[PDB]
């Protein structure tokens, strides 16, 4: 036909890739079989109506916008198979007719220009229009140009401006990040289908906004943070949509008369290296970066990670030289380190499957275990740490006056109340920990690391920002950093100076100034670990075996707790600097995904959890312990003796832990008094510090979380360096 019907061909190769199909290819045949089964179900359950109310009973209530998108996606599945030579539906007369009669019908009484958004705007402007674009693209040899223009003006009615969404509503918003990328998959393809040049250029120019790093608002930040929905850490969900969708569009865009400058797209590599990579541990995308998507059963950590990985892979493929090879190695080593999830379970096109196969089988592409790293995403109040020597990852989830604690919208993530109240994540040998129904079965009132009262919480509640701006991380190097959070709970009845000292192979948890003005009981959850019936833990308290029961058991004067597995890479030890009174229990916890997400299954799920907590019955209370993972019992026992005097201070103004082996100090000052540390030096300013002694020299890493700035050494450190 023309150049539009050239770009659409390339698009078809990206979103379906029928030209790359090979029935002798194991993985490809699997996806093909999945699509065959989907189309069969659709064709057989579709109402062979003399014009009935709906096309599919499962998606009957057209008041629920979700049913529109779900309906059109079914037709896209048909378009993919009708154009797949190896499909039983290849060029099938009934299938070709169904897709047509279905477009006309939906276009008649459901989705048209004379209609208005009912329910979720996303389905009317993004979900449905994408499905329509793809269907018409794949089956453009069966549809009339006029027919194409006809079924597409509705998209022009609801989405006429490439810079704003919800245009037809009484409250539109400027498209940025993920949503803006989807604006391209909506208007760039629709523009190619309607052969609309003004639509193409205008949309491409608008998309370029995505390559700009911001220092406020939504988008990618220089420090790697990614913000969306005004002030929510969202690299792992909306960031995913951004890289996933943009990597699909680029090959087509660069072939149009409106290609994007190579220097503008250079930022993509910054996102990959600074924003995405740090959040991927053993093939899992850290949940603290995925917002409300953690409440979706079909999108657990390892599945979500593939959205990012396939995007990075596509980008590597369009890159060249060392950039291509290095990105290939990144994808390769991450996928190969994931012994739990089969990456192919989330590669939904033949080209993506093909790309991954050649990459994994190419001896020329290096696959070396990733090195240690520590990312302080201060712009979104999250911290990611990874130790390659011992093999564990650590995620610190916070929020401040600058960010929302948790997102609960569209009936999703109803119980994520405390997922950012100083919650921590440990990624060890159990790659399945936060998967297999962790989210619908975890006790939402006892999120690990959080200090809270036992007051009941409402599902209808929504997120909030923190009163204080004193929340941040001071990173010294790839293995050492210090963080703090001037904590106040949701209803201002409890406070706590919570601090963390990341010291290479362990993390110290310090809490002071714990006060409670309510009638509710206060306690800190040391941990709530999901267990594996296959890898049982042998629990030790003060180095003596203890048998945990479903009923809580109190352990006063506890100096240590050790969770012993057959696999040392799953061991977890907790050393209490000062003998503390804790309680522990191991119980089966049941729940359904619907409990935390209305649109999910109400099917019962259950998991066993080991809960450790410390009650705070008095004002001025505190806690202090060292988390030591991936070491055996004897080694753990040896380490706590080494850490005997590691606690320097833990009060209302000063908190500090010292690693004598490393010669590193972690320090948090809540005021500007002169603090003398280990009779060696003095720290003089409110803020966060991570210091290292190398001979008579001192390496200083200072961070003022409120002003988001460091400071000259002489202003904060004494006894220049």
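Positions refer to the first chain, counted from 1. Take the two forms, find the largest set of C-alpha atoms that superpose within 1.5 Å, and that set is the rigid core.
Where the structures in 6 other deposited structures of this protein are fitted on the rigid core, 196-204 is the one of 196-204 and 508-516 whose C-alphas sit farther from the shown form on average.
Relative to the shown model and aligned on the rigid core, the C-alphas in 6 other deposited structures of this protein deviate most, among 128-136 and 640-648, for 128-136. Counting the deposited residues that fall between residue 719 and residue 720 and carry no coordinates gives a value of 1 to 3. Checked against the record, the higher mean CA B factor of 64-72 and 27-35 lies with 64-72.
According to the PDB record, 143-151 carries the higher mean C-alpha B-factor of the two stretches 143-151 and 228-236. The PDB entry assigns its highest CA temperature factor, among 119, 437, 283, 245, to 119.
Looking at 530, 115, 302, 345, the one whose CA carries the top B-factor in the deposited record is 115. Split the chain's modelled residues into thirds by C-alpha temperature factor. Residue 620 is in the middle one. In this PDB entry, the Cα temperature factor of residue 689 sits in the bottom third of its chain's modelled residues, the lowest group.
Sort the modelled residues of the chain by CA B factor and residue 173 lands in the highest third. Ranked by Cα temperature factor within the chain, residue 599 sits in the middle third according to the deposited record. Looking at the C-alpha B-factors along this chain, the one for residue 165 belongs to the highest third.
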